[PDB]
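To start, the structure under review is shown below, and the notes come after it.
Every read-out reported here was derived from the displayed coordinates using simple, explicitly stated rules and does not represent laboratory data. In this analysis, Cβ positions are derived from the backbone assuming ideal geometry, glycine residues included, and neighbour counts consider all displayed protein chains.
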Amino acid sequence: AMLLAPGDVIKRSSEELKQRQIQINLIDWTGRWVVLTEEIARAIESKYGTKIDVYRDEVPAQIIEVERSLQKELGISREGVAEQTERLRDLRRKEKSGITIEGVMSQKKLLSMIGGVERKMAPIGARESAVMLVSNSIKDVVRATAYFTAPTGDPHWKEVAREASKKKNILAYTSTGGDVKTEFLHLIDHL
Amino acid sequence: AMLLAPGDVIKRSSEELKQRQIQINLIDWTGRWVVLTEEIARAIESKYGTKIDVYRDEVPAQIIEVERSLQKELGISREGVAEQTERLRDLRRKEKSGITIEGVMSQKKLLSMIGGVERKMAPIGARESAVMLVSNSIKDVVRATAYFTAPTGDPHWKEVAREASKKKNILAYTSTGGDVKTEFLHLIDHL
Amino acid sequence: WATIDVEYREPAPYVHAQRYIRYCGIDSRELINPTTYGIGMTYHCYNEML
Amino acid sequence: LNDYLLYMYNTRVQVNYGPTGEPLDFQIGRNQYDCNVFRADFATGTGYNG
C-alpha cells in the first residue's frame with residue numbers, strides 16, 4: 001500500500017506521519033531540559049515514549065525536578081528517589097559554593113511542558129497503519145499502488161501525475177473541499 | 001396536573017418551585033467565589049448540584065481553597081490535589097511579584113457559605129412531583145385541571161377565576177388560615 | 001504442545017512433498033490483515049505460559 | 001462491552017480467559033461469572049431485554 005501525494009501535503013503532515021510510523025521519502029526544491037539521573041529519564045521514556053537528556057554539569061541550564069507525587073505515579077523505586085535527592089543535595093552544595101530547577105508535581109504540567117501525549121486504552125494491533133511508504137519521487141513511480149491529488153502544486157508533480165495515471169490498475173483519489181490534511185489523514189487511516 | 005394560583009404566591013414560592021422542578025409561567029404587572037481548577041468545580045457540582053465558576057485571572061477576587069479534609073471527603077484523586085496546589089503556587093508567585101483566598105476546611109462552612117443543601121437518603125422516584133405546570137395566564141385557562149385561591153389579589157385574578165370556575169369538572173381548593181405558601185406547598189406535594 | 005503441526009490434504013504439484021506445515025494451528029488458506037488480525041486468539045502453549 | 005470490562009480498572013482486578021477467539025469469552029471477578037451470555041444471539045436473544 002504505497003501512496004503518492006503532493007510534497008507540501010507531506011511537508012505539513014510530517015509530524016502525524018512520523019507519529020503513525022509511515023516512513024517519509026521527500027525531495028525538496030527550495031532550550032531543552034534534563035533529568036537529574038538516567039533512571040528517571042529511562043522510566044519516563046518507557047512510560048511515554050519521549051526521549052529525555054541527562055544533566056552532565058554542562059552549563060547554567062534548566063533542570064526538571066520530579067516530585068514525590070510523580071515519583072509515586074511512575075512507580076519509581078526507593079533507590080531512584082534516594083539517588084534523585086542525593087543529586088539534588090549535590091546541586092544545592094554546588095550553587096551554594098558560589099542553573100534553574102523546577103519542581104514539577106502535576107501530570108498535566110509535565111505533559112503541557114514537554115513530551116508526547118499519554119496512551120489511549122484500546123487493544124494493540126500488530127501495526128498502526130496498512131501503508132508503508134508515501135513518497136514524492138519519480139524514481140519509485142512503479143513502486144506505488146495508489147496516488148492522491150490536491151489543488152496545491154509542485155514543480156515535479158505534473159510529470160509524476162502523468163507517469164502514474166498511465167498505470168493500468170491504480171487507485172486514484174482527489175480532494176476538492178474542506179482541509180487537505182484532514183482528508184489525507186482520513187484516507188491514510190481507512191486505506 | 002396543571003394548577004392556577006395567584007401571582008404573588010408563585011412569586012414568593014419560585015425558589016421552592018424551581019427546587020421541585022415545576023416549570024413557572026408568570027406574567028408581571030408592575031460577589032461570588034471561584035475554584036482554582038475546573039475539575040474540583042465539576043466534582044462539587046456533581047456532588048451537590050451547585051454551579052461553580054472558574055478563576056481566570058480576571059480581577060482582584062475571592063478564591064475558595066478546598067483543603068485536604070474536603071479533598072478526602074469528596075474523593076478527589078491525587079492529580080486533582082497536585083493541580084490545585086500547583087495553581088496555589090502560581091497564585092503565591094503572582095501576588096508576591098507585586099485577591100483573597102479562603103482555606104475552607106469544614107463541610108458546614110462550605111454549605112453555609114454557598115451552594116445547595118446535601119441530599120437526603122430516600123429511594124429516588126422517577127419524578128419529584130406529579131404536577132408539570134403552574135401558571136397565571138388566561139391564554140392557557142383550558143390547559144388547567146385545578147386551581148388554587150387565596151385572599152391575596154391580582155389585577156387579572158378575578159377574570160381568571162371566573163373563566164376557570166366555568167369548567168364543568170375542575171378541582172377547587174381555597175386557603176383561609178395559616179400561611180398561604182405552606183398550604184400551597186402541601187397541596188402541590190399531595191396533589 | 002497438543003497441536004497438529006503436519007497434515008496432508010490433497011495431492012501437490014510435486015508428488016514428493018505432500019505435507020502442510022502450520023505453526024500454532026494457523027491455517028494458511030485464509031488471508032489476513034495486519035491491522036486487526038491476532039486480537040483475542042491464543043494457542044495452548046502461550047495460554048499455559050501466561 | 002468487552003473493552004469496557006477488560007480495559008477499565010482503577011485497581012488490579014482478577015480475570016480469566018477462555019479458549020475460543022470471540023469477544024466476551026472471559027470470566028471476571030473473584031467469582032467465576034462467565035460473560036458468554038452477554039454475547040448477542042438472535043436465535044435466543046440472551047443478554048438483551050428479550
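Can you sort B:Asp53, A:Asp28, B:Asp179 so the residue with the fewest Cβ neighbours within 10 Å comes first?
Neighbour counts put them in this order, fewest first: A:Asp28, B:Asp179, B:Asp53.
Run the helix sum for the protein assembly as shown: -39,500 (n - 2.57) per DSSP H stretch of 4+ residues, divided by residue count, reported at 222 nm to the nearest 500 deg cm²/dmol.
Working: 18 runs with 162 residues, N = 482.
So the helix-based figure for the protein assembly as shown works out to -9500 deg cm²/dmol.
Taking a point 7 Å out from Cα toward Cβ as the label site, list the nm distances between A:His190 and the same residue in every other copy, smallest first.
6.4
Of A:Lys18/A:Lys72; A:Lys120/B:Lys120; B:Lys51/B:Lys120, which sit over 28 Å apart, Cα to Cα? Show your work: numbers first, answer last.
Numbers: A:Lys18/A:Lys72 31 Å; A:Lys120/B:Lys120 38 Å; B:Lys51/B:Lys120 19 Å.
Exceeds cut-off: A:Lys18/A:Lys72; A:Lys120/B:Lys120.
With r as the distance between the Cβ atoms of C:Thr36 and A:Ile24 and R0 = 25 Å, compute the FRET efficiency 1/(1 + (r/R0)^6) and round to 0.05.
Numbers: r = 25 Å, r/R0 = 1.00.
Approximately 0.50, to the nearest 0.05.
Roughly how many debye, to the nearest 20, is the charge dipole of the range B:1-151 about its Cα centre, given +1 on each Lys and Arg Cβ, -1 on each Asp and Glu Cβ, and no other charges? Don't skip to the answer; put the middle values down first.
Working: 25 positive and 22 negative charges, 49 e Å.
In total the dipole reaches around 240 debye.
Using +1 at the Cβ of each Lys and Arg and -1 at the Cβ of each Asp and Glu in the protein assembly as shown, identify which of B:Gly7, D:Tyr17, A:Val134 lies farthest towards the dipole's positive end.
With unit charges placed on the Cβ atoms, the residue in question is B:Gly7.
I need the inter-copy label distances for A:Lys168: point set 7 Å along Cα to C-beta, values in nm with one decimal, smallest first.
8.6
Need one number: % antiparallel among DSSP beta bridges in the protein assembly as shown, to the nearest 5.
15 percent
Set the Förster distance to 51 Å, then compute FRET efficiency between B:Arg93 and B:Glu118 from the Cβ-Cβ distance, nearest 0.05. It would help to have the intermediate numbers written out before the result.
On the way: r = 36 Å, r/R0 = 0.70.
Efficiency, rounded to the nearest 0.05: 0.90.
Are any of the pairs B:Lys11/B:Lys158; A:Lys47/B:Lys94; B:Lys11/B:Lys109 more than 27 Å apart by Cα-Cα distance, and if so, which?
Details: B:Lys11/B:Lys158 18 Å; A:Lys47/B:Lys94 33 Å; B:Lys11/B:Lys109 30 Å.
Table pairs above 27 Å Cα-Cα are A:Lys47/B:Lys94; B:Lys11/B:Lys109.
For the protein assembly as shown, what class follows from the C-alpha gyration tensor (a ≥ b ≥ c being the square roots of its eigenvalues): rounded when a/c is under 1.5, otherwise prolate if a/b is larger than b/c, else oblate? All intermediate terms of the calculation are to be shown ahead of the outcome.
Numbers: a/c = 2.00, a/b = 1.52, b/c = 1.31.
Taking the square roots of the gyration eigenvalues as a ≥ b ≥ c, the protein assembly as shown is prolate.
May I ask you to list the GluC sites (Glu not before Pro) in chain C that are in a DSSP loop and have at most 14 other Cβ atoms within 10 Å of their Cβ? Write down the numbers at each step before the final one.
Details: sites: C:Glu7, C:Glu30, C:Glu48; in loops: C:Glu30.
Of the GluC sites (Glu not before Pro), the ones in loops of chain C whose Cβ has at most 14 other Cβ atoms within 10 Å are C:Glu30.
Just going by the charge dipole of the protein assembly as shown, with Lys and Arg at +1 and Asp and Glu at -1 on Cβ, which of A:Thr50, B:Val54, C:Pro34 is farthest out on the positive end?
B:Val54
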